[PDB]
Amino acid sequence: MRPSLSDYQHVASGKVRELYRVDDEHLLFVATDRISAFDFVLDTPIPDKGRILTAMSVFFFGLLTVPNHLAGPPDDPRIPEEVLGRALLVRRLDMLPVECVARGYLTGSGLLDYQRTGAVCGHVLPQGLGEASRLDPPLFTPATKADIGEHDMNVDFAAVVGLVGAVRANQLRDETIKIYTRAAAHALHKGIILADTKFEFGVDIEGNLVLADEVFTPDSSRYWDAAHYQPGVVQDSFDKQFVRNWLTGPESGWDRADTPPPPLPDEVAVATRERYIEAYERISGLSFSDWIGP
Ligand SMILES: C[C@H](c1ccccc1)n1cc(-c2ncnc(N)c2C#N)cn1
């Protein structure tokens, strides 16, 4: 008999994720079916999105050789039936207060910072770059969390040193770039560009650095279709472009310029679920039909 979710203490909520205390040394990391676009959590959930993204994360943890916070199998008996397939039992860590971001391509706030200053997070870049320019080598572009409705603020390496220590900052930088490089190469081999990615790390009792969040999901990372990669224009979101196009199209009745957006057409939600499955199966070489669920 699996426990009820109500047996555990809710300790944190994100836009589309939840965190629960299981015991003194373990948490339950829960992905929901909610989806965010234009910094709004949309009214309409995407069926199986939580399960698909959990499957993705589990695959990438297995691909990487670095210590991670997984503390049991996807069907661990401590996982409630209600969240089976979209929840992971993890080890409690002392989390480091740094959003560890790697960018292989220049877009979003990285692009904006570059267009404003010529630099991103302390990195002075060549002149002449633009939207979706390839960065080589990938950049460590750390950020810190701000207030509830605010975007993370980009910071430089010295800021990271000030947050975690000089040696630890080096370690975060090196591991972030190494992990991103490995996963990006794997994905691209399968036809998907991982343009960038965001990690959080924590520290265990012995002082070891442990990867601890979700890793390389389309929420934590920009997924692009490599077959349509065209530098100089904004790349379609592999998973969210249908959602984006409808919301800003002639059928939504919504002006993006910060009214809460309307619910999505069922057809758009279903199409979106399909894109998540496509991305998962291509990258993992596995079938989502095999992934556990209620
Ligand atoms: C910000 C992020 C979060 C995730 C899910 C929902 C809301 C927030 N978070 C992660 C921890 C955390 N703390 C201790 N040990 C861990 N292994 C983890 C993890 N993962 C605390 N917060």
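Counting from 1, the numbers follow the sequence of the chain as shown. Scope of the values below: all heavy atoms of this structure, side chains included, with no hydrogens, waters or symmetry mates. Note that ligands are numbered from 1 as they come in the structure, with each ligand's atoms numbered from 1 the same way.
Here salt bridge (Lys or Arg N to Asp or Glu O under 4.0 Å) pairs that include residues 221-231, with residues two or more places apart or in two chains, are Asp196-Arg222.
Counting heavy atoms under 4.0 Å from ligand 1, residue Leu27 touches it through the side chain alone.
Look at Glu214 and you'll find every heavy atom at least 4.0 Å from all atoms of ligand 1. In this structure, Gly202 has no heavy atom closer than 4.0 Å to ligand 1.
When the options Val203, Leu93, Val210 are ranked by their closest heavy atom to atom 15 (N) of ligand 1, first place goes to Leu93. The nearest non-hydrogen atom to atom 21 (C) of ligand 1, considering only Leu19, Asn68, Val16, comes from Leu19.
Close N/O approach between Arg17 and ligand 1 is not found [any backbone or side-chain N/O within under 3.5 Å]. Of the polar atoms of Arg92, none of the N or O atoms is found under 3.5 Å from an N or O of ligand 1, judged by distance alone.
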**OP:** Please lay out, stage by stage, how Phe216 and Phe60 fare under the test ring-ring contact (aromatic ring centres under 6.0 Å, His included).
**Re:** CA-CA 7 Å; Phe216 296 106; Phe60 273 108; 5.0 Å; yes
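Between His186 and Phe59, the distance from one ring center to the other falls under 6.0 angstrom.
Cation-pi check for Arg134 over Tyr105 is met; the charged atom lies under 6.0 angstrom from the ring centroid and within 45 degrees of its normal.
Between the side chain of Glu281 and the backbone N or O of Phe288, at least one donor-acceptor pair lies under 3.5 Å.
Contact atoms of ligand 1 toward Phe29: 4 (C), 5 (C), 20 (N) (distance under 4.0 Å to a heavy atom of the residue). Within ligand 1, counting atoms from 1 as listed, the ones closer than 4.0 Å to a heavy atom of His69 are 17 (N), 19 (C), 20 (N). Each of the atoms 15 (N), 16 (C), 17 (N) of ligand 1 lies under 4.0 Å from some heavy atom of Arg91.
By the 4.5 Å heavy-atom criterion applied to side chains, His69 and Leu211 are not counted as neighbours.
For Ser133, there are no side-chain hydrogen bond (donor to acceptor under 3.5 Å, both in side chains) partners two or more places apart in sequence or in a different chain.
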